[PDB]
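Geometric and topological summary
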Amino acid sequence: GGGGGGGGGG
Amino acid sequence: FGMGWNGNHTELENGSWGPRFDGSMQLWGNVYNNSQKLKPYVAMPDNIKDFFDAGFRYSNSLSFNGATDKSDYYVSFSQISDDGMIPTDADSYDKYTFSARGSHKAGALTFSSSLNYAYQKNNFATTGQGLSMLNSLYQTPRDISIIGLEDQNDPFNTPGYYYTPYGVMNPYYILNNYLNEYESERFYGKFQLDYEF
Amino acid sequence: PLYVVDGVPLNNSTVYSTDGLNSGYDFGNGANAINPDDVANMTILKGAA
Amino acid sequence: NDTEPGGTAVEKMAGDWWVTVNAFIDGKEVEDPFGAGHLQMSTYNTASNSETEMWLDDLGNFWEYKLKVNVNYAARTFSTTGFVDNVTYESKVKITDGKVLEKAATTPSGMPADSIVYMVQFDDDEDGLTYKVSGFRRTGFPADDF
Amino acid sequence: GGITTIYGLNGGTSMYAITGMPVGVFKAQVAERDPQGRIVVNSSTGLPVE
Amino acid sequence: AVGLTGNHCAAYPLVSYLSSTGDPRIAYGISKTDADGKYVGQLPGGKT
Amino acid sequence: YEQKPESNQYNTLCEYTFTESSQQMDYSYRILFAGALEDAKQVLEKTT
Amino acid sequence: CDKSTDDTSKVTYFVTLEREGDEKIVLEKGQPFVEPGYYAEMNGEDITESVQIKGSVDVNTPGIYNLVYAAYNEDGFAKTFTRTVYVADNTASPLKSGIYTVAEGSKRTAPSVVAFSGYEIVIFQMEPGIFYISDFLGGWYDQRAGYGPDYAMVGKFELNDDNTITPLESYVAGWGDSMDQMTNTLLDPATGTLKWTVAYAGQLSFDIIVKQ
Amino acid sequence: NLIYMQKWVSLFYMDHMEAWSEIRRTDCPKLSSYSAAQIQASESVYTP
Ligand SMILES: [Ca+2]
Ligand SMILES: [Mg+2]
């Protein structure tokens, strides 16, 4: 499926 | 455990993979004008809980009524104004309605009518994975005082010297400086003609 | 379900963000506009036959 | 009404340690003969997650040894029965009189940390000595590092 | 095919409608297991293997 | 650069080669380290 | 290039730990075939 | 109702410390050591008088003397810098101490070749024949790629009357480590430069040369 | 090797999909025989 997301800083 | 990554201590993380809480005095946050904040390395278990306020909501509703053996009449008004528990006025909802409903019978004929107007003004504290309030809020070390970040006359809370630069921002900045408003106006109603024969 | 008020279909359109991942927000649905103090009776027809 | 995070069966005796290695020569204890200073080592549960054995891993910083030791979790003691195979390079190690002492040691920052102490012997040590590996649990503050 | 996305992240958890299954089936990354139930992990890091 | 933050750093094979050959193109799209001012590449998959 | 130490977007490309379900090129697959290749088919139908 | 997580922090005001003068100094036996100077600031007030210095320079005994300069915060936080002082042997020699600069023609040799120049190294004599060298590699790792002093090849060498140079000892901390072989070494007692090519970890070698 | 190694530098920050494919066709740059951990431990074994 579509949408994507980032990760975080660390 | 407090602020850090890889189990090691850090002065700038958005997370709590640091050492086990010591009580020792360690540094944290950015450096402003050759100065830095220094605090005991302890947990602040209420920090996220303390960030919230109490939402308040006040409502006023009126109605006017009457009838005869051939007619009836209803007219009402409602008002609602919510400023929820997230700080500032970003949780807002104002509802206003007005209604007027009548029916009159004259013989076999009945004509009635209802007309309603609705207003709303929503303001929303936007969510998401970027520079939003809650995402920025969850990404806090267990030892960092969140409500200590609201004072913008404290340079260390200004966006350029916020304690962590990892994809998040000072939550009180985001709520005080972003915008996501909605205003709506709405009219609906009906007309009915009944005739028995 | 189809909201029917007196008895005319009521608009029940929802206004919420189309990208819930980065700018999630929700601004209400069409039934939220009716004032509950005006309701005499509500009857929910569950079946579709 | 509070969630318990849990752990492996030997959680409190696993960990990272900053140890040094002394050696008993002529009956008197010699402070770090090999001059290796403070060395990192780890202990940690086995895949079986029993409460009667754990891994002792020097990380290759002294003799390059890593073996399973028997564990008395209640007493916080560990040892081997005789010499046990090493998993790192085909040797044998003997761990005697090991113990993990809660909050007993002191970090370089002057704070309480867990102490660890055990005696060790190696079947390829041509001098046949018995060494005393002692140290504390690593805090994670750079100031407590070496 | 007998499958169609209803909503779902790219290379992440996704909710489907699949032919002989209830509305809203979820698929998500689980770790590899040996034929005997045990969890496969990476020889060098220790972390699970997809 | 807009959708995400900066995620890419120089990799070790490219940096060691541009350094060995004296190539001045080592300055195009790559930036000296903000700490010592030299060119450093990261061994593939070796961040952690 | 490699994955910057302080962010985490491309760990699985660098460590070769993606899989088929990681969809690491579904966006491009759709662009090339349902974007470009279809438009091209239409072009060759419409002009001589 | 009442809130429980007020910020407990104290704002600590750090110290600034600036070294005035060279970092490495080479003096001859008997020549007095004069403090080059330093400046220390805290919140704009001058705290130069508060700097502590650990170490001493025995000008009448050849060797290496390290001095550590430090100034301290009110919360005990410190900034520091190091100054290293070297002492010669007094005895004459065509090799003069001590701060040398890697000259024009210094390069790799295996497997690549790359030109480097401009880097400083340190050479002083601790015995009428034996000299201490801070980096046989002319800074190919120390200050070329910035790997640090640990990646400098320290050692000793004993000047021959052929004016060739015979290596006594060499060691690179952090890799092992010592050189493989030493060849093409001699001193032109009028340049005044010293040449050497040194071979390293199995398949490396350089062709450096130094001058004041 | 010299034509291929410069083809590789040339395609940095220009056309990475091709760079990957020309690495695959010509297998130059060669894959080193040393591990990432062996290269990190002693740089001298690595051919830049
Ligand atoms: Ca509010
Ligand atoms: Mg298309």
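Residues numbered from 1 in each chain as written, not as in the entry; some residues may be left out. Chains lettered and ligands numbered in written order. Part of a larger assembly, values for the part shown. Heavy atoms only, no water. Residues with missing side-chain atoms left out of burial classes, pairs and counts.

Per the PDB record, this model was obtained through X-ray crystallography at a reported resolution of 2.750 Å.

**Examining the overall build of chain C**
Helix and strand counts for chain C stand at zero helices and two strands. By its C-alpha atoms, chain C is 40 × 30 × 15 Å across when sized along the principal axes. Out of the 49 residues belonging to chain C, those deemed buried represent 22%. (Helix = DSSP H or I, 4+ residues; strand = E, 2+ residues; numbered from the N terminus. Buried < 20%, exposed > 50% of the residue type's maximum accessible area, 1.4 Å probe, protein only.)

**Concerning the packing of helix 1 (residues 12-20) of chain F against helix 1 (residues 2-10) of chain I**
Two elements in contact, helix 1 of chain F and helix 1 of chain I, have axes separated by 11 Å at closest approach and are oriented at 115 degrees. Between helix 1 of chain F and helix 1 of chain I, the interaxial angle falls into the category roughly perpendicular. Like other packed secondary-structure pairs, helix 1 of chain F and helix 1 of chain I cross with a definite hand, here left-handed. On helix 1 of chain I, the residues touching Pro13(F), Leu14(F), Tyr17(F) and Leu18(F) of helix 1 of chain F are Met5(I), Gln6(I), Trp8(I) and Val9(I). (Axes fitted to C-alpha atoms, helices over the stretch in contact; angles between N-to-C directions. Parallel < 35°, antiparallel > 145°, perpendicular 65-115°, else oblique. Left-handed = near helix turned anticlockwise from the far one by under 90°. Contact = heavy atoms within 4.5 Å.)

**Points about the pairing of strand 7 (residues 92-106) of chain B**
Residue and element names in this part refer to chain B. Judged from the 13 bridges that link them, strand 6 (residues 71-83) and strand 7 form a sheet pairing that is antiparallel. Paired with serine 81 across the strands is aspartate 94, a residue of strand 7. Sheet topology places strand 7 next to strand 8 (residues 109-123); 15 bridges connect them, and they run antiparallel. Residue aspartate 94 lies in a different strand from strand 8, and its bridge partner there is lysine 121. Taking the residues that link successive antiparallel strands as the turn, the strand 7-strand 8 hairpin has two residues, and the phi of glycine 107 there is positive, at about 85 degrees. (Pairing = 2+ DSSP bridges.)

**Concerning the packing of helix 1 of chain I against helix 2 (residues 16-26) of chain I**
Residue and element names in this part refer to chain I. The geometry of helix 1 relative to helix 2 is characterised by a closest axis approach of 9 Å and an angle of 165 degrees between their N-to-C directions. Here helix 1 is positioned roughly antiparallel relative to helix 2, judged by the angle of their axes. For the element pair helix 1 and helix 2, the recorded crossing hand is left-handed. Note on element contacts: helix 2 touches helix 1 through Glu22, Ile23, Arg25 and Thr26, opposite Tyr4, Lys7 and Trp8. Class assignment for the residues of the contact of helix 1 with helix 2 results in three nonpolar, one polar and three charged. (Nonpolar A, V, L, I, M, F, W, Y, C, P; charged D, E, K, R; others polar.)

**Here's the deal with the interface of chain B and chain H**
Listed per partner, the contact involves 19 residues of chain B and 15 residues of chain H. When chain B packs against chain H, close to 1500 Å² is buried across both sides, 58% of that on carbon and sulfur atoms. Taken as a group, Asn34(B), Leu38(B) and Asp50(B) account for 33% of the area that chain B buries against chain H, more than any other trio of residues on that side. Counting across the chain B and chain H interface gives two salt bridges. The partner of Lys3(H) in a salt bridge is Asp53(B), with the nearest N and O atoms 3.7 Å apart. At the boundary of chain B and chain H, one finds 12 residue pairs in polar contact. Counting residues per element, the ones that place at least two in the side of chain B that touches chain H are strand 3 (25-32) and strand 4 (35-40) of chain B. In terms of residue count, strand 4 of chain B provides more of the side of chain B that touches chain H than any other element does, six residues in total. Its residues assigned to classes, the side of chain B that touches chain H comprises eight nonpolar, six polar and five charged. In terms of strand pairing, strand 4 of chain B meets strand 1 (residues 10-13) of chain H through four bridges, oriented antiparallel. If you follow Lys37(B) over to strand 1 of chain H, its bridge partner there is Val11(H). (Buried area = accessible area lost by both parts, 1.4 Å probe. Salt bridge = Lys/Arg side-chain N within 4 Å of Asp/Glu carboxyl O. Polar contact = N/O pair within 3.5 Å; in protein donor to acceptor, adjacent residues only side chain to side chain.)

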